[PDB]
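Letter by letter, the chains look like this.
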4 protein chains.
Amino acid sequence: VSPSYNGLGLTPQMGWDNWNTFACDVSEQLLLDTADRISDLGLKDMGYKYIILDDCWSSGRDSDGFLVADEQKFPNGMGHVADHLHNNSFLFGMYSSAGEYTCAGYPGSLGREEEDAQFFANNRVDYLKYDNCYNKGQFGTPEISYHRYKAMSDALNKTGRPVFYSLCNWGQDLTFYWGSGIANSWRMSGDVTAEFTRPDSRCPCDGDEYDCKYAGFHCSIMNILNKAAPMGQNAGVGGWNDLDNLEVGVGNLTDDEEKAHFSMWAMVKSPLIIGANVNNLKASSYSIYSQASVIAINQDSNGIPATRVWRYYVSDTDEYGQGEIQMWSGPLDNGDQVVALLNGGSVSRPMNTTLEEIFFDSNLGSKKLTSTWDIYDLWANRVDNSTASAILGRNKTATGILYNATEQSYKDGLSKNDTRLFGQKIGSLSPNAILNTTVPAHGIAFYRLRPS
Amino acid sequence: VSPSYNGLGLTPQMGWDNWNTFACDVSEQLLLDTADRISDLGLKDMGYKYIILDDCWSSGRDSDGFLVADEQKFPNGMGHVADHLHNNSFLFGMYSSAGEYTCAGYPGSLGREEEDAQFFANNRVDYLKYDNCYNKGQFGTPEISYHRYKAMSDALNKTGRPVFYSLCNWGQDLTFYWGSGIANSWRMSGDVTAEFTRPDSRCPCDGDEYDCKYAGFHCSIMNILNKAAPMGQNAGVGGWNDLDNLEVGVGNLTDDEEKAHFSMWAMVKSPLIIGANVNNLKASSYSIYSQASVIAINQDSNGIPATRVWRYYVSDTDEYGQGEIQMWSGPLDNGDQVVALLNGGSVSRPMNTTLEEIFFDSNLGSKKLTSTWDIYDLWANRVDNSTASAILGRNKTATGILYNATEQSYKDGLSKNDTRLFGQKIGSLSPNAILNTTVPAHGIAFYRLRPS
Amino acid sequence: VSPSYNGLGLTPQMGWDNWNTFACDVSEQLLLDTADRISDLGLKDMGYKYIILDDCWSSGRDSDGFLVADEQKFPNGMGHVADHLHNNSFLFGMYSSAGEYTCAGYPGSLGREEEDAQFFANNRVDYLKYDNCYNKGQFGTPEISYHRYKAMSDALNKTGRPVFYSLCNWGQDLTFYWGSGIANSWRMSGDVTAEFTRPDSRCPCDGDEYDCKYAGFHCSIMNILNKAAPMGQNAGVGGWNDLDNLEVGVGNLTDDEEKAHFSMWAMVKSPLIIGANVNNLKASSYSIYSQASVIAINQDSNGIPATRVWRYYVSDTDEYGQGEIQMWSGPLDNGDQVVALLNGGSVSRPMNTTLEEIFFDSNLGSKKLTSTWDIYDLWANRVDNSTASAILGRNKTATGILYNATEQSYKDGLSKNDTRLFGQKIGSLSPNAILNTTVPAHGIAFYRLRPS
Amino acid sequence: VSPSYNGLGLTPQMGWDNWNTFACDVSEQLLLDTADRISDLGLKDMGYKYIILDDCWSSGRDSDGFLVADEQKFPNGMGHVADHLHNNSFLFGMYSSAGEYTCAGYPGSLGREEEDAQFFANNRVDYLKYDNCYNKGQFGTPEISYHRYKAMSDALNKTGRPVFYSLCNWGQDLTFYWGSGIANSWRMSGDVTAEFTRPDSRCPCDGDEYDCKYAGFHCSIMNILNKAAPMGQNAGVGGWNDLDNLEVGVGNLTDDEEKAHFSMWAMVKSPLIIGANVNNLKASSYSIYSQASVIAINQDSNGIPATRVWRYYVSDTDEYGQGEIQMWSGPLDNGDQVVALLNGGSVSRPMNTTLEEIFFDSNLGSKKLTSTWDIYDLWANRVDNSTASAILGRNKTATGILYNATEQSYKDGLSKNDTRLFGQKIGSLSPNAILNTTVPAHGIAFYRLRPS
Ligand SMILES: *[C@@H]1O[C@H](CO)[C@@H](O)[C@H](O[C@@H]2O[C@H](CO)[C@@H](O)[C@H](O)[C@H]2NC(C)=O)[C@H]1NC(C)=O
Ligand SMILES: *[C@@H]1O[C@H](CO)[C@@H](O)[C@H](O[C@@H]2O[C@H](CO)[C@@H](O)[C@H](O)[C@H]2NC(C)=O)[C@H]1NC(C)=O
Ligand SMILES: *[C@@H]1O[C@H](CO)[C@@H](O)[C@H](O[C@@H]2O[C@H](CO)[C@@H](O)[C@H](O)[C@H]2NC(C)=O)[C@H]1NC(C)=O
Ligand SMILES: *[C@@H]1O[C@H](CO)[C@@H](O)[C@H](O[C@@H]2O[C@H](CO)[C@@H](O)[C@H](O)[C@H]2NC(C)=O)[C@H]1NC(C)=O
Ligand SMILES: *[C@@H]1O[C@H](CO)[C@@H](O)[C@H](O)[C@H]1NC(C)=O
Ligand SMILES: *[C@@H]1O[C@H](CO)[C@@H](O)[C@H](O)[C@H]1NC(C)=O
Ligand SMILES: *[C@@H]1O[C@H](CO)[C@@H](O)[C@H](O)[C@H]1NC(C)=O
Ligand SMILES: *[C@@H]1O[C@H](CO)[C@@H](O)[C@H](O)[C@H]1NC(C)=O
Ligand SMILES: *[C@@H]1O[C@H](CO)[C@@H](O)[C@H](O)[C@H]1NC(C)=O
Ligand SMILES: *[C@@H]1O[C@H](CO)[C@@H](O)[C@H](O)[C@H]1NC(C)=O
Ligand SMILES: *[C@@H]1O[C@H](CO)[C@@H](O)[C@H](O)[C@H]1NC(C)=O
Ligand SMILES: *[C@@H]1O[C@H](CO)[C@@H](O)[C@H](O)[C@H]1NC(C)=O
Ligand SMILES: *[C@@H]1O[C@H](CO)[C@@H](O)[C@H](O)[C@H]1NC(C)=O
Ligand code: NA
Ligand code: NA
């Protein structure tokens, strides 16, 4: 534990980034249309408040060496986009790289940190995603990467404008060890893709290689979760591990795959940044993003990432030879416990645990192991495909259907025993007894345990 | 071999640390009540003399930048705690981190070494445990970690007050190579836990990964012993490998597990720091901590860590799939040999060795291989559960029961053939013959060999 | 993506280097005789335009510390060789090492970069191959190797003469990450040899060890391709991965082995540098080097290295126990796709794929997966052994037989639907259908897919 | 290739070091008695000319900070020992460490290089073995270790006295890459021990881990040879890989084990430093050290370490589970080839090769593969146990029995077809035919091939 370095990131950030679905094809209009949609779907008031403009936004630098926004894409400048966002209670995120160029080859901020931070503050930006392309050999040890990322941390501080600082160096040089003192979150892997298990030659480090020398990209969901597993102990209030944008509503993930993915990102206290096109978002994916019960886990006050209790490889493997099952467990601020039974195997299987496994650091005879716990299904009462379809088609309003965190914070809701934040009680677990469930292929049993 | 850098640590340190059982809930009263108990149990006069106050003791820094003790927890200042300790023939240990913050998020000493060392000397501290949380990217190579730890070594020297300097950087950047010239001991792994074999996702480096890039914590007893195995050659008089505080009397280790753990920590010349709550210590655990014969191994003059002679995996595995058997052997200053037959398997098994294996660096026809050796059981004559229970319940005194090392040092005792320091002769081993014993699951046969 | 650092290497370089076949036995006469032959074979006008003089060319340094060409080997100086080359529309490459000495022990350029770059510019050199022998400990981290290679990059820039800068540090210290900002290409492995699969003790890093600490040499074709596989994502316009000179026409590779080797080097956008003796080049090898269709892949505008889609080990292993099969796929600027079915096994086998695998980053229902694609065999219409033998024996001219890229660029040819650049249409692949072929041992099916 | 940095080490050094058999118990008398014995046994005139005094020779430093020889062990100073050695045509070696202390805890030379080099030159020393104990964190990257070893290289040069500079840093930080420009030889592993295969917990890096982070010691013969295998390419005239002192005549190696060990150290161009006590040396070991034919391999002019052609694990394993077979081959300056068939398995086995395997870098149809080669057994005509026993017992003189390299160099002897340097012709190997032999357990077939 340490205080937040800048007072921000007291819980992981939530929002949306245009990259997965728009790439370099960005504009003021795109950003504001999306923001309007995120507001109208009631997703903004669930906490998805950072509208993060990614790469390809600039056209070069002026005679003073200042970044210039592309005037075709942003005819009114960036500050004007910020103003529209702020006027609808959004926060505005922008992008650069700690290199000569950005990943798409636009002007990068390496050695230009003071001017570039100043540009972002002049344009009323609230968040910076800060990449690792073209870093001119300034990597390879913790100390060199730390000083490069600190250069922009300090420059942003110098502006006097609070900026949520999001590192994007893919875990390179053990970022989880040094991120907290200079940043609010850090990517800890190469880019995720809409694949649950698929090994990819562009992502050469497997799930056990958390200290990876070629982060790459097109890393699968499970590859990234596995990399993140040991890293929870180095995250907490003010500084989070970042498992990359959610692929919910992107590509061809099954409903089970999307539930597993959203639930596990929540449970490890990853940022929850929508990667989908919200104006081209299907019903099942929308109700995943809108599951208040799961977001409440992610937004637990004094948040602690959950711990992987066990992992076993199974003979039920998919088309790519992949198949493993995992149990995760983690404390919650009100005294409850989050439990995940994760079936990464190719077939539906029964999955089981006990209080001894769930309360993994509790001694025999402790009050946690001696007590009875009520099991709540965190996926109960999800917005059904019909209501979701109605809301997306603008025939129904999200107001009164989705939980409004702006009106009543997750903390306050949990205190008042709000049904929408706990899911449904489905039973109880006593000492000596076992919790048994059937878990779909590439799916999850996601529970909140409460003292009876 | 090299001289002790500061004249201290001529044998490994012994004492107690409040962390395992009290965490941040510390006070003067806790410290003095515990110290009184350690004195009264006769554990102080066995050599357990460092009372080490861990994290969470400070409240901030004053207008001069000096550390301030929490005045609620320490109403009289730290120097007053030291005075009480010294008046009962104890030594006083304190804690900081070579980082911006301590592990629990209190003020750290990085870049503040001169003031902080001065604070400790002003408060009459005799020992510093010096952590590795929040190190601001100052790790990753031997040279950078060495200079950070040297900064505090030098600062402590500058005060003129002798301070036993205990490194806590978890082996990071090959500490065993550089610790000796600037420190008296160094942690060589992530934190131990009360588990004999259990792999843990928070401790991602297995037993063979001595050069680990994510030390983590909740590492099992065997995981840490295995990591330590190759490191014995880089320890000795003045500078020791530190396998973390003893879990004897903590959690739910079996009696065999606690004997194996205490015996192996002694045998590799780890510090022997009680991790138990001494005012909530069970009988079997108390008599483990009080085994004079085993402490005498640890406190051998001109101490040499023992060497692992062999390791084999066995089919008898526990609930976590773990099972291995090991033989260790090491020289003792008086010419005797310590031998350990370690059964990490899940079932009781017969275990065997010969003089050739025991005296692993002796040539055929050498006088060690040609001679007959008397076998002594170092666990013979342990304080029985009844006497231990009586002493702990304050119905019997430890005086005249436990060995008094203050009255007569371990060195002197061994010279005078003191029965309490050798255990019981159980037989002899001749050339060509084999030593056979039955060793309990997760247990040990721990012997001292003497020339007949 | 980033712009070319110096405006060169817009596509990978093509040419010839004397090393494989002449070693230190070089002279003006050798160079000009070879160049005449490369011109007359029509290989120059296919794009093989860099005549690269390798090691052993100098005799020492003069009283000013300037490099001196060996006056026995180069009686007229180097600039005179350049002039002859330029007068036949060739470009001239030379060699040094970023060390005290070159690999063969001649004067190296480390700490002498300004003078040596000046020497090369004074002698009208167009290309520098820059080795990594005898680097005086200046390696081990990205930052140190980057600064050493940057020293010569800057020195060459200072001369004002455009020089194509080719790194030869064998991938050491993750060159693919830092090469682009200071160089046009970088060797990414130890030296290739004329072996398709053979493990060699002089090349201790296997195919999966892309981050290798002892690059070595005598690395097999497949060893180097495997190392290169994850690296494609860090290559592109202006800066390429270099898989070493082609062994086509060197040693005893089969015709299938040479086709696989040439096709895969083309497909990953490696430089295509002839390693053969062109005055001692056999017919089958000549027609491999002259396959316009395959060169057009390598010289695709806005070039993207292909991606390895899958790799499986097979039971059909060669004399060295090696056997694997691979599928590669990559985009082409005009919208076509290159597909490679690679049979590294010891026997001829059927090989298969689908549109879903070929278009690996396309979603179900996308227009690429829903469309029908015409399959073109890129090895169709290769110059037959008879015509090749006739041309090599100076009985037939290459004019009107080999494609003339000087007359009409690869880009322009592809636009005009030139038959010589596409191979032969052999069928079509529809959704849901499978592409089936038989692939010879150590051979390849190499296709261009075009929308029907 | 590069020139020798200082003109020395044109072939690997030969001599003797007192450590293995005398440890810290050294004196002038020991050194001169041993030297007299090495002279009288005719071993000096075979090339064993460096008498290397190891650790524990000093008593401290004087008021000027100069090293002081222990006046009890060296009553006349070191220069006087040098004079006696030089007067019997020996060269004198001494020892320090690139650390605060030597390995045995005597004064080390780190930061004292100028004075210490001066001390050695003042005392007429010809050779320095320069250790790596207590290096004060100055390791971990190539650059830091290189600069530490360069500091003493430069200091020795500054004295103006030629000193053969022998590195002893156990291969740490890839010494084979940077040793040549500053030193004549470099240890490339932790200390050898008199075990042919035995894995040891004190030597945690196995045979494949050439880039080892804990070199350790008690490494077996095969462990060290395996580590050395890829390193041959970075050795040659002026700078050699050092596989540690020979264990021939030390401990309990079989005669086959000692022949394999001596032959392989010769063949890879390791230094050949006698580790035995020459006044307590058995007959079989003496005739191993005196095999002129094998020394001639090691002392080949323009020496090239041999290459491991293949390695296979066998089911015939020893008490430690070890068993592998290897073939090595290497060029010799006169055009001959050295071939080793190495049987590391537990039983006698037939071993076979062909000209294609022997001449591993030769193309089919080359003159080496098309020619017939005479096979010479390099172990033929070894001094029999009787003659050896007679010489050692001072009943026979070595003069006229052992080859005298002082009288006639190895180069000259080979030119004159001297029978003593070639062994005995036992047959011939033709194209298409196989060389078949039976090789004893842990033994070797060691051949020189000559064109018929
Ligand atoms: C995944 O594949 C499904 C078919 O299984 C496909 O329908 C999705 O693409 C989306 O299809 C929608 C048709 O109802 C269409 O309206 C939408 O534009 C389209 N999305 C895109 C980006 O083309 C695939 N998943 C996704 C989210 O693309
Ligand atoms: C391990 O579990 C045992 C039961 O097998 C449990 O009794 C121990 O906890 C201790 O129990 C004592 C009851 O006699 C009690 O007096 C003591 O307070 C309690 N310890 C703690 C810290 O709660 C468990 N081991 C330990 C040492 O905690
Ligand atoms: C590979 O081995 C073949 C035999 O299978 C051999 O012929 C090649 O060497 C070349 O042989 C030619 C005979 O027609 C000869 O003219 C040529 O000089 C010779 N090459 C060399 C360098 O000696 C072998 N391959 C190669 C390309 O060397
Ligand atoms: C290895 O073991 C053999 C027995 O197999 C033993 O004899 C050797 O020790 C040497 O024995 C000699 C007896 O003839 C004796 O003269 C000699 O001093 C002794 N060596 C030492 C150092 O004690 C063993 N090998 C060696 C070379 O020690
Ligand atoms: C935002 O609202 C403020 C009123 O609070 C107004 O002054 C400003 O013009 C608005 N900007 C935009 C772009 O809507
Ligand atoms: C700048 O840094 C200081 C911490 O040193 C902090 O108090 C302040 O909030 C920071 N300001 C901004 C704008 O982040
Ligand atoms: C909602 O639709 C998704 C597919 O988009 C499907 O997987 C899931 O089963 C549906 N849930 C319901 C309400 O049946
Ligand atoms: C300080 O260092 C010197 C060694 O240089 C030593 O003599 C002295 O004992 C040290 N003092 C303390 C208080 O540790
Ligand atoms: C002492 O009690 C422990 C349990 O606390 C038990 O394991 C052990 O067997 C007992 N020893 C005796 C004296 O029987
Ligand atoms: C030198 O560098 C600059 C880029 O800073 C570039 O504009 C110019 O083309 C370079 N000149 C040469 C000769 O490469
Ligand atoms: C051309 O010759 C090569 C051998 O050099 C052979 O492998 C191949 O089959 C031949 N191709 C033709 C035209 O048959
Ligand atoms: C010192 O170094 C130079 C090489 O710079 C060399 O010429 C000379 O021989 C060296 N002298 C000694 C004594 O090694
Ligand atoms: C010489 O003696 C050794 C044992 O010291 C033995 O291994 C070898 O067989 C003997 N050689 C002869 C001449 O038989
Ligand atoms: Na507007
Ligand atoms: Na004398």
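Per the deposition metadata, X-ray crystallography was the technique used to determine this entry, at a resolution of 1.950 Å.

Chemist: Tell me what's going on with unusual backbone geometry, and back it up with residues and numbers.
Modeler: Residue and element names in this part refer to chain D. For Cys 56, which is not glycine, the phi dihedral falls at a positive 70°. Note on placement: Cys 56 falls in the loop between β2 (50-52) and β3 (58-61). Look at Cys 56 and you get buried, because its relative accessible area is 0%. At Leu 174, a position not held by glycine, the phi torsion is positive, near 60°. Note that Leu 174 resides in the loop between β7 (164-167) and α6 (175-178).

Chemist: How would you summarise a positive patch on the surface if you had to cite specific residues and measurements?
Modeler: Together, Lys 213 of chain A, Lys 213 of chain B, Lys 213 of chain C together with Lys 213 of chain D make up a region of like positive charge exposed at the surface. Along the polypeptide, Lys 213 of chain A turns up in the loop between β8 (185-187) and α7 (221-228). The exposure class assigned to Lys 213 of chain A is partly exposed, which follows from its relative accessible area of 34%.

Chemist: A description of the packing of aromatic side chains should follow, citing residues and the corresponding values.
Modeler: Here the structure, examined in full by the defined rule, presents 96 aromatic pairs over all chains. Between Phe 176 of chain D and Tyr 177 of chain D, the ring centres sit 4.6 Å apart and the planes meet at 40°, which makes this aromatic pair tilted. Exposure remark for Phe 176 of chain D: the relative accessible area of 4% places this residue in the buried category. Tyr 177 of chain D sits in the buried class, given a relative accessible area of 10%. Grouping aromatic residues by their ring pairs yields a cluster made of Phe 139, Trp 170 and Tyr 214 of chain A together with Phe 176, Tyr 177 and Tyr 210 of chain C. Taking NZ or CZ as reference, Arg 202 of chain C lies 5.8 Å from the ring centre of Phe 217 of chain C, over its face.

Chemist: Tell me about a negative patch on the surface, residues and numbers included.
Modeler: A grouping of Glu 143 of chain A, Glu 143 of chain B, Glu 143 of chain C together with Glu 143 of chain D is seen on the molecular surface, where their side chains present a negatively charged patch. With respect to the helices and strands, the residue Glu 143 of chain C is situated in helix α5 (residues 142-158). With a relative accessible area of 37%, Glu 143 of chain C lands in the partly exposed category.

Chemist: An account of the site of ligand 11 is needed here, citing residue identities and associated values.
Modeler: Residues and elements named next belong to chain C. Residues in contact with ligand 11, as listed here, are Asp 255, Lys 282, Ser 284 and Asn 385. Within the side chain of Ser 284, one N or O atom sits 3.0 Å away from an oxygen atom of ligand 11. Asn 385 is positioned such that a nitrogen or oxygen atom in its side chain is 2.4 Å from an oxygen atom of ligand 11. Classifying every residue of the shell around ligand 11 by side-chain character gives no nonpolar, two polar and two charged.

Chemist: Run through the environment of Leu 364 of chain D, naming residues and quoting values.
Modeler: For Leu 364 of chain D, the location among the structural elements is in the loop between α11 (355-358) and α12 (367-370). Given the relative accessible area of 56%, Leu 364 of chain D is considered exposed. Excluding anything up to four places from it in sequence, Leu 364 of chain D contacts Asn 252 of chain C together with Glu 356 and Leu 369 of chain D.

Chemist: Give me the lowdown on the sheet that holds strand β7 (residues 164-167) of chain A, citing residues and values where you can.
Modeler: All names here are of chain A. Strand order in this open sheet of eight strands is β9-β8-β7-β6-β5-β2-β1-β10, and the pairing throughout is parallel. At either end of the open sheet lies a strand with only one pairing partner, and these are β9 (240-242) and β10 (272-274). Between one strand axis and the next, the sheet turns by 25° as a mean value, whatever way the strands run. When strand β5 (residues 91-97) meets strand β6 (residues 127-131), the two strands line up parallel, connected through five bridges. Looking at β6, one finds that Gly 93 is bridged to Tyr 127. This element, helix α3 (residues 78-87), spans β2 (50-52) and β5 of the sheet and lies at about 145° to β5.

Chemist: So what's going on with the coordination of the sodium ion (ligand 14)? Residues and values would help.
Modeler: Six octahedral donors around a metal ideally sit at 90 or 180 degrees from one another, while four tetrahedral donors ideally sit at 109.5 degrees. The protein atoms that coordinate the sodium ion (ligand 14) are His 80 of chain A (NE2) and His 84 of chain A (NE2), at distances of 2.3 Å. With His 80 of chain A and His 84 of chain A both in helix α3, this residue pair falls four residues apart, about one helical turn.

Chemist: Pulling in residues and values, what's your account of the interface of chain A and chain B?
Modeler: Counting residues at the interface gives 26 residues for chain A, matched by 29 residues for chain B. Roughly 2,300 Å² of surface becomes buried between chain A and chain B when both sides are summed, with 55% attributable to carbon and sulfur atoms. The three residues of chain A that bury the most area against chain B are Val 1, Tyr 177 and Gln 233 of chain A, which together make up 28% of that side's buried surface. Applying the counting criterion to the chain A and chain B interface returns one salt bridge. Between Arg 202 of chain B and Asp 361 of chain A there is a salt bridge, with the nearest N and O atoms lying 2.7 Å from each other. Put simply, chain A and chain B have 10 residue pairs in polar contact between them.

Chemist: Which residues make up the domain arrangement of chain A, and what are the values?
Modeler: All names here are of chain A. With domains assigned, chain A is organised as domain 1 (13-299) and domain 2 (306-452). One C-alpha centre belongs to domain 1, the other to domain 2, and the line joining them spans 27 Å. With 46 residues of domain 1 at the interface, the matching set in domain 2 holds 45 residues. Roughly 3,800 Å² is buried in total at the junction of domain 1 and domain 2, and carbon and sulfur atoms are behind 61% of that figure. Put simply, domain 1 and domain 2 have two salt bridges between them. Here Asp 208 ties to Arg 311 by a salt bridge, and the two come within 3.0 Å at their closest N and O atoms. Where domain 1 touches domain 2, the interface holds 21 residue pairs in polar contact. Broken down by secondary-structure element, the contributors of at least two residues to the side of domain 1 that touches domain 2 are α2 (28-40), α7, α8 (255-267), α9 (283-289) and α10 (292-298). Here the side of domain 1 that touches domain 2 takes nine residues from α8, the largest share from any one element.

Criteria and thresholds
Residues numbered from 1 in each chain as written, not as in the entry; some residues may be left out. Chains lettered and ligands numbered in written order. Heavy atoms only, no water. Helix = DSSP H or I, 4+ residues; strand = E, 2+ residues; numbered from the N terminus. Buried < 20%, exposed > 50% of the residue type's maximum accessible area, 1.4 Å probe, protein only. Patch = residues over 30% accessible without salt bridge, like charges linked within 9 Å, V, L, I, M, F, W, Y side chains within 5 Å. Areas by Shrake-Rupley, 256 points an atom, 1.4 Å probe, with all protein chains shown as cover. Salt bridge = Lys/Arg side-chain N within 4 Å of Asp/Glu carboxyl O. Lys, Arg positive; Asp, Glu negative; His and termini not counted. Charge placed at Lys NZ, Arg CZ, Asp CG, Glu CD. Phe/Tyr/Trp six-rings, centres within 6.5 Å; stacked < 30°, edge-to-face > 60°. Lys NZ or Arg CZ within 6 Å of the ring centre and 35° of its normal. Near = heavy atom within 4 Å. Polar contact = N/O pair within 3.5 Å; in protein donor to acceptor, adjacent residues only side chain to side chain. Nonpolar A, V, L, I, M, F, W, Y, C, P; charged D, E, K, R; others polar. Contact = heavy atoms within 4.5 Å. Pairing = 2+ DSSP bridges. Axes fitted to C-alpha atoms, helices over the stretch in contact; angles between N-to-C directions. Donors = N, O, S within 2.8 Å, 3.2 Å for Na, K, Ca; no water. Buried area = accessible area lost by both parts, 1.4 Å probe. Domains from an automatic or database assignment.

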